[PDB]
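Take a look at the structure set out below.
Derivation of every value follows stated rules applied to the coordinates shown; laboratory data play no part. Note that we place each Cβ from the backbone using ideal geometry, even for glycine, and neighbour counts take in every protein chain shown.
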Amino acid sequence: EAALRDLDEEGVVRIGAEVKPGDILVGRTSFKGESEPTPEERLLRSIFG
Amino acid sequence: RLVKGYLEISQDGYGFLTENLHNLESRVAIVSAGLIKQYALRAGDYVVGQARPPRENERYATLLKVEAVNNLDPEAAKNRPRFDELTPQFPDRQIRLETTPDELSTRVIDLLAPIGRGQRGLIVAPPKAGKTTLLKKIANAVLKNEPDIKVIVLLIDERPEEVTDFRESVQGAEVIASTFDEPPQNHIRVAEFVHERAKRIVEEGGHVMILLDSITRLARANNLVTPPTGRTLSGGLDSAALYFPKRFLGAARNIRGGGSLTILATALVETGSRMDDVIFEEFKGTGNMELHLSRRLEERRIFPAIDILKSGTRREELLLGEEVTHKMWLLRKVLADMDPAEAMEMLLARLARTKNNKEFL
Amino acid sequence: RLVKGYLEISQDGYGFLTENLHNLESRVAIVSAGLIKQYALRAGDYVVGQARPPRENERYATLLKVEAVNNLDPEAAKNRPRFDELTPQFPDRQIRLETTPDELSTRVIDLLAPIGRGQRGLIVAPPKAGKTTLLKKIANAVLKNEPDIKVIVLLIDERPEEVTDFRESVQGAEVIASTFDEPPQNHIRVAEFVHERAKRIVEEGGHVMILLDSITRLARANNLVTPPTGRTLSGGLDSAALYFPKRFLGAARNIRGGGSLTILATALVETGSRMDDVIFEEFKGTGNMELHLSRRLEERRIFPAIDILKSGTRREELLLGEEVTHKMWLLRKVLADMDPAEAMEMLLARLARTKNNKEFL
Ligand SMILES: Nc1ncnc2c1ncn2[C@@H]1O[C@H](COP(=O)(O)OP(=O)(O)O)[C@@H](O)[C@H]1O
Ligand SMILES: Nc1ncnc2c1ncn2[C@@H]1O[C@H](COP(=O)(O)OP(=O)(O)O)[C@@H](O)[C@H]1O
Ligand code: BEF
Ligand SMILES: [Mg+2]
Ligand SMILES: [Mg+2]
């Protein structure tokens, strides 16, 4: 999240921002598990939100 | 003289009144059986009555007449309901537990194991698990959140320095102790006197909180007092002995007619003793709440070191309204899964945020 | 004619004076029951007195008058509180241990089991498992860091060559012994007689360090002592065998009124005997410290063969200052993780770098 400062809008990085190797360009999220996600992180987000 | 002192009716129909040491002492006074028949009273009642100074060759003064019994007139003593005839219910007066001093552990206790009035639960752990420390924490929690209720703590067969630390740190609450130094007959005498007095207080429609220390080593104390076992229940239990723990334990109940009797106590488990396992199994089917405690979590110094999955309550609805019932239902459908150790650290982190209601909110 | 030594009141109402041989000697002097009453004396007190030689047909010297008791006049001895009501606290006076011969072992001890005056500690491991010479090391370190404390060592049920060896190698400090060759009765006599002298010695506000060899080998030797003592527990134990060992060990305590009584003893565990293991847990609920030693370490000749993970103190803050308690708080949050064998070598290296405080420095 600290390096997320260059990722301004929803997923796409802001124009005119310099990038180094190893820096996020587009933030894409897949599903945690193919058939069942991690119960740890699932229940994490369940009781936070 | 004001006589704060409870009937220890001896074998021959005369009685004794122990002192603030909560054990047989000097200020015992004879309680004749004629007064027992006259007043229709039960032993252990708070009796005040005129006493004459002892005379030559006369050892224990005779009670001339009870003026105020239980701070009440004799006729109330003559005509008052019998305890065993009272209707037991499920606990309906839940006990809220929010603590600033340890928000984490006590808030885990609350959100996981809610407590009601009349509750008969059992928290269990192996030896050297600070079960006494948890007793201290919950005692302070009750003294803070519910000061109205009478809090009483009984300690059996334990270290004296811990007793002193508790009594200094309990801030005047009724703390009864019987160290392992004391011979076991003293242990059982004190335990049963507390039992009868508490029965009287509940019989007077009170909210009586009894915090018993370590029912399992208390059971060993009984076995040390109780010779035969009859036939050896594996390793030396006893049927008729444990009945006194059984009577002392199952007496806790929610009474529909006012007042309540909630007693909570802890068990020693995983001691390599089949006896301890048998007592745990035997009272497990008796109590409506259980709070298991994993040793290796205490090894990790993580407090509370609860075995959460084994822990649970009966009649979750009867302490929690249908909206709270269903929200707890959802929360159990949620939390019934995630792994114990990580559960303990990351739940510690997540409940470190805010108040229990605030955390839920 | 001056008679000197420790008072051993015989059961027949008269007494004896035992000498440095630390057993039943013939240098005994009679203290009748009437003498006991009128001086209110206890056995074991450091007695210096005048006596007369035994008469015709009479075999043991008879006391004439008492002059010195525990290096004090008898008149003050009549006026002194007895041990039982003495207010105990938790240990408050720790002992720094960096010894030039083996600073590593003492450093591990300080980091894992800080030692304070009045501590009831323990070390647990099977037979032939790293105990006695470690006891030697800690005794020697105490002989330098706290020369003021009267340090006493008791050996029960061990090989005479070890007895002699530690005898010269302790540098004259108080070493008591009772080999397994000896009958159990001598074991009991010596053990309880040391117990009671230590009771009186701490009774004078003294700090007493008791280095008991083999607490659970003492337990096994007591089972051999145990003629019946009650009903068969699991593993072959009976009911009341423990009480004399329990009254023996639980006497360890930190007293508010000055002095201390710190007893460290070595426990044998994992012997494949239900008896031995059950004694391990039941005395585990008695001590304020245990030091585990696993055998995979020692079969590798890894020393000190300490199971670091299982070891831990009670109430660090009560013995260790808030800054010190906080720094060990952080450190235990740090040192809890690393895995046993790799833990052994990396922690050994880390403490081999510099001294404990120097490591913090
Ligand atoms: N929740 C806790 N908070 C603080 N200390 C604890 C806790 N649980 C266990 N301990 C530690 O465990 C040690 C021994 O357990 P203790 O609580 O005294 O025995 P019991 O098994 O009777 O509860 C105590 O010195 C205490 O420091
Ligand atoms: N600090 C140590 N380092 C290396 N070896 C030790 C240490 N302490 C004890 N030992 C060895 O371990 C053995 C255990 O001593 P002892 O307590 O008499 O045996 P046990 O308790 O197993 O019957 C001793 O013979 C000694 O040689
Ligand atoms: F005691 Be169980 F609920 F049958
Ligand atoms: Mg305890
Ligand atoms: Mg050895």
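For this structure, a couple of remarks:
- Of all the criteria given as (1) farther than 18 Å from residue C:215 by Cα; (2) in contact with a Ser or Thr (Cβ under 6 Å, 6 or more places away or on another chain); (3) more than 16 Å from ligand 1 (Cβ to nearest atom), the one not satisfied by residue C:86 is (2).
- Residue in region B:166-176 that is within 11 Å of another protein chain (Cβ to nearest Cβ), among the aliphatic types (A, V, I, L, M) and either away from ligand 2 (no atom under 16 Å from the Cβ) or farther than 16 Å from residue B:217 by Cα (or both) present: no
- The numbered conditions (1) closer than 30 Å to residue C:233 by Cα; (2) surrounded by fewer than 21 Cβ atoms within 10 Å (Cβ to Cβ); (3) away from every other protein chain (no Cβ under 14 Å) are all true for residue B:316 except (1).
- Unmet criterion (only one of (1) closer than 25 Å to residue B:160 by Cβ; (2) surrounded by fewer than 19 Cβ atoms within 10 Å (Cβ to Cβ); (3) of a type outside the set (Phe, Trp, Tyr); (4) out of contact with any strand residue (DSSP E or B) (no Cβ under 9 Å at 6 or more places or on another chain)) for residue B:179: (4)
- Look at (1) away from ligand 2 (no atom under 16 Å from the Cβ); (2) free of Cβ contacts under 8 Å to residues at least 60 places away in the same chain; (3) under 30 Å from residue C:360 (Cα atoms) and you find that residue C:301 fails only one, number (1).
- Residue count for region C:276-301, restricted to those that are more than 8 Å from every other protein chain (Cβ to nearest Cβ) and either surrounded by fewer than 18 Cβ atoms within 10 Å (Cβ to Cβ) or charged (D, E, K, R) (or both): 7
- Elements of type helices (runs of 4 or more DSSP H) in region C:59-168, at least 3 residues being among the hydrophobic types (A, V, I, L, M, F, W, C), within 21 Å of the chain's Cα centre (by Cα) and surrounded by 18 or more Cβ atoms within 10 Å (Cβ to Cβ): C:103-112, C:132-145
- Matching residues in region A:8-49 - criterion: being more than 30 Å from residue B:358 (Cβ to Cβ), within 14 Å of chain B (Cβ to nearest Cβ) and surrounded by 10 or more Cβ atoms within 10 Å (Cβ to Cβ): A:33
- Residue count, region C:214-246 (criterion: touching a helix residue (DSSP H, G or I) at 6+ places or on another chain (Cβ under 8 Å) and at the interface with chain B (Cβ under 9 Å from one of its Cβ atoms)): 8
- Enumeration of residues in region C:86-109 that are of a type in the set (A, V, I, L, M) and more than 12 Å from chain B (Cβ to nearest Cβ): C:95, C:97, C:104, C:108, C:109
- Sole residue being away from ligand 5 (no atom under 16 Å from the Cβ), within 14 Å of chain B (Cβ to nearest Cβ) and closer than 28 Å to residue C:42 by Cα, chosen from C:199, C:150: C:199
- Among the residues of region C:326-339, those that are more than 13 Å from every other protein chain (Cβ to nearest Cβ) and in a helix (DSSP H, G or I) comprise C:326, C:327.
- For region C:250-275, the set of residues classified as crowded, with 22+ Cβ neighbours inside 10 Å, away from ligand 1 (no atom under 16 Å from the Cβ) and under 16 Å from residue C:90 (Cα atoms) consists of C:260, C:261, C:262, C:263, C:264, listed by residue number.
- Residue in region B:182-195 that is nearest to the other protein chains (Cβ to nearest Cβ), counting only those that are closer than 29 Å to residue B:292 by Cα and out of contact with any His (no Cβ under 6 Å at 6 or more places or on another chain): B:184
- For residue B:185, the conditions (1) surrounded by fewer than 19 Cβ atoms within 10 Å (Cβ to Cβ); (2) in a strand (DSSP E or B) all hold with the exception of (2).
- Meets criteria (more than 28 Å from residue C:356 (Cα to Cα), among the aliphatic types (A, V, I, L, M), within 11 Å of ligand 2 (Cβ to nearest atom) and away from every other protein chain (no Cβ under 14 Å)) for residue C:134: no
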